[PDB]
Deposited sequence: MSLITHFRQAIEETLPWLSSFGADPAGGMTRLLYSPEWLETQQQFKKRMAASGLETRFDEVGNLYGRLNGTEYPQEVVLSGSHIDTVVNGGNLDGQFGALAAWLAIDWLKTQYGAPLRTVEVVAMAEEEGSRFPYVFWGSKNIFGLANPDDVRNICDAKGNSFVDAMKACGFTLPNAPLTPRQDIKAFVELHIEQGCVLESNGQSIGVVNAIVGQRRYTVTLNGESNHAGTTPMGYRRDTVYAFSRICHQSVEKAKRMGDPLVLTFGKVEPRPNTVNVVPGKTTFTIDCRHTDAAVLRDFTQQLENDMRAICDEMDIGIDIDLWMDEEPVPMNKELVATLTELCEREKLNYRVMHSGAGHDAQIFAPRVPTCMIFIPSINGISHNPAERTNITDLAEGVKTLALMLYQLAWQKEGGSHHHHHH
């Protein structure tokens, strides 16, 4: 079976992957449109009832025999970052079509409707808006939020309405298969990850203001080094972070000292912070423990600071029943899995609070993603498509 999908992937991945090379493919672009048409074409061919909604999401739908009004959804976004890979997103939609097609031509029609979905867009590429696909599905969009977006959208045969769409309410389940984008699975030697939650995020822009002096003619006790200060903050905080241990992650990815010259004591320093955790309390209590440590450190060496918490998003937990059922099949079907979480946001996070959802991770070699070097061993892709085939069966082909 894994050998069966390995062929299936091996012959379909390069196919769909051929729509937007140099992999790009952004929201409402020619490639975007063409890609959706070639998928819808083949989806239709294989026996599915394809369609687009007002925003451009693409659907499969193999109608169920007993609960046609109950949909067990599966898919991922089809747009990529400029020079990203062909596995992030795009693959999860492919997988969904492949599992369903095999199940279709194997146990016959489901006893409740199954539906593949190639969502419009996730991870904001082209326009200043993210999740224009999964958000419209639940009417969270509001056209009054968005090269004219309307023109791009209209060029592809779409028109943003004058108000939010009607939130779908026939979705009984949603499962997203996504590459990890990390290195936990690859490192631990595991193939499938049962993600029980999606991390929450906080992001800051903190400015340090001391005094820019001479590096030689200024004694060390007359100084107000803003880069020494940052060092103290970063060094000291990351300690507390690691002590806290997983799933907590902390970053100081960007730093801008001014003037930024060897023989001048930096007087100002604008730096950032990226903290993520699966528990909103741990996340908030911690980031605030940090905010206190920083200003404590600054009132002390007489440096003024501005803390700007511009991004603050709450964690989102995958559905418990669906996770169990998964894990149970990752057992009932002897597999090499690891119940883990997601340090990245996905379309599955928009689904979760509305309909029960769960994700399935496949390793990512070198945690590369949103980069042309992202790959995954094909038999691992096969595993992920096989694990997704097995699950959808549990949800739609079983009463």
Exercise for the section: Report the unmodelled segments of the deposited sequence as residue ranges counted from 1. Expected result: 1-2, 25-28, 153-160, 414-423
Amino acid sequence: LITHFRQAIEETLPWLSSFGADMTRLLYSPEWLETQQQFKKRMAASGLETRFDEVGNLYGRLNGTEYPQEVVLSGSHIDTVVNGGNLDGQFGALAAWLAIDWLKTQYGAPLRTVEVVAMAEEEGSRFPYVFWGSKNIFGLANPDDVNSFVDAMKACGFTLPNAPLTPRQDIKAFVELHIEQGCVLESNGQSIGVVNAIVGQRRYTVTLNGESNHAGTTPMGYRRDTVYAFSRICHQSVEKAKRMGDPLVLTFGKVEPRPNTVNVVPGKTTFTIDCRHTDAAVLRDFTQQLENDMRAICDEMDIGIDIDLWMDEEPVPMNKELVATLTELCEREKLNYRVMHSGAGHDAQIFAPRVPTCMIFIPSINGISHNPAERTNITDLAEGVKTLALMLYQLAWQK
From here on, numbers count along this sequence of modelled residues.
Problem - Residue range whose averaged C-alpha B-factor is higher in the record, 76-84 or 154-162 - result: 154-162
Handout entry: Average Cα temperature factor in the PDB entry - higher stretch of 45-53, 329-337
Key = 329-337
Fill in the blank from the handout: Entry record, C-alpha B-factors for 356, 367, 60, 345; the maximum is at 367
Handout entry: Most elevated Cα B-factor in the entry, residues 187, 263, 207, 251
Key = 187
Exercise for the section: Check where residue 242 lands among this chain's C-alpha B-factors and tell me if it's the lowest, middle or highest third. Expected result: lowest
Handout entry: Entry-reported Cα temperature factor of residue 385, expressed as the chain third it lands in
Key = middle
Problem - Relative C-alpha B-factor of residue 142, binned into the chain's lowest, middle or highest third - result: highest
Completion exercise
Quick tally, chain-level thirds of C-alpha B-factors: residue 317 sits in the lowest
Handout entry: Chain thirds of CA B-factor: placement of residue 101
Key = middle
